[PDB]
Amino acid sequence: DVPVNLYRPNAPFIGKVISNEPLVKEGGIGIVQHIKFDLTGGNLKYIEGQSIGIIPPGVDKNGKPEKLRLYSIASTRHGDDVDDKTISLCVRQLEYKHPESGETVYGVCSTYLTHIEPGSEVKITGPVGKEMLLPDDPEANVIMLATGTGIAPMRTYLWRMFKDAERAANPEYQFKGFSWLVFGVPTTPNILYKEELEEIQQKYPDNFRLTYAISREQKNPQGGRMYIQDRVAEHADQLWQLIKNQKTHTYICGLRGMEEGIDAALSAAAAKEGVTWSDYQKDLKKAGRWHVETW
C-alpha cells in the first residue's frame, strides 16, 4: 500500500526544520540546499520516488495566499538518519532575469526554503506521486538519467540500494542488479552529493556505474559543451541493450526538455535492430518501466 495524501493543503502537517546545508561547493553556479525536516508528532509516511508539497508564507502579487510547490523527496522512506523520523528535500533557489530589466528575480517558495533556519515550522503536504516508484525486485536494472535537482529521486533509490544502514534496515531488499546514473550539471562543484555517489561506485563497482556530463569542463565530439544527451548518445547502444531486459526500469528526472535529446539517441540505437524507439517506449510506459518527471 503506497502512502498518498496523508496531509492536504487545507490542513498541512507542521514540520520543523532540522538542518539546511549547501550542496553547491565553492566555484559552482547557483544555490542548491539539502533540507531535512522533523516529522515526529505526525503520521506522514512516504516511499522512494515520491514528492511532498511545501506552502510558503505570504501572499502573491494579487494578495492571494501562496499555493503549495511540489518538491521531489531526496531521502529514503527511513530518512537520512534511518530512524523513520525525518524527510529531506534537494532545493534549488530559482533565479532568472526579466526581459530588458537587468535585475534578478527570485522564486518565492525556493528562496524561502533555501534560506530557512533550523527550528522554523514549515507547512508540508503529501506525499504524492506513483510514477517514479522503484521496483521491489532486487534483481531489476535501474538506469537513472538526471540533470540538476533531478538527482533527488535518484538519491532515494541509490541510498536504499547501497547505504550500509539501509541494507541493515531493509532485509527484504538487498539489491543485486545493475544501476547506472548519468548525471548532468555545469561544473564539478555542482555535482550534488558527489562524495557519497563516488563512495557508492567504489564499494559496488559491479552494481553501480557513475557517468558525468559537465558542460563547463567537457566538450562533446562535435566541440560543443557536454550535456547529458551527449553522454546518452555516447553509450546509446549499451543503454538500449540494458533497456531490452524485461526487468530494467529507466528514470528521467530534472530539467524540462531533457527528454528530447535522450530519445533521439536511443532511437538511433534501437533503429539498428529494426525497432522504433517511440513505439517501444510507449509499451515501456504502459508497463510502468519508463518513468519521467521534469519541471
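Residue indices: 1-based, along the sequence shown.
Student: Can you let me know which of the two, 219-227 or 138-146, has the higher average C-alpha B-factor in the entry?
Tutor: Taking the mean B-factor of the alpha carbons in each, 219-227 is higher.
Student: Please work out which of 100-108 and 166-174 has the higher mean CA B-factor as recorded in the PDB entry.
Tutor: The deposited B-factors put 100-108 ahead on the C-alpha mean.
Student: Report the option among 49, 63, 254, 53 whose CA atom has the maximum B-factor in the deposited record.
Tutor: The listed residue with the largest C-alpha B-factor is 63.
Student: Of 232, 70, 258, 242, which one's C-alpha B factor is largest in the deposited record?
Tutor: Going by the entry's C-alpha B-factors, 258 comes out highest.
Student: Per the entry's values, where does residue 153 land by CA temperature factor relative to the rest of its chain, in the lowest, middle or highest third?
Tutor: Lowest third - that is where residue 153 ends up once the chain's C-alpha B-factors are sorted.
Student: What third of its chain, lowest, middle or highest, does the C-alpha temperature factor of residue 207 fall into?
Tutor: Answer is middle: the recorded C-alpha B-factor places it there.
Student: Lowest, middle or highest third: where is residue 79 by C-alpha B factor in its chain?
Tutor: It belongs to the lowest third of the chain when residues are ordered by C-alpha B-factor.
Student: Based on the deposited C-alpha B factors for this chain, I'd like to know if residue 190 is in the lowest, middle or highest third.
Tutor: Middle third - that is where residue 190 ends up once the chain's C-alpha B-factors are sorted.
Student: Name the third of the chain's ranked CA B-factors that contains residue 126, choosing lowest, middle or highest.
Tutor: Lowest third - that is where residue 126 ends up once the chain's C-alpha B-factors are sorted.
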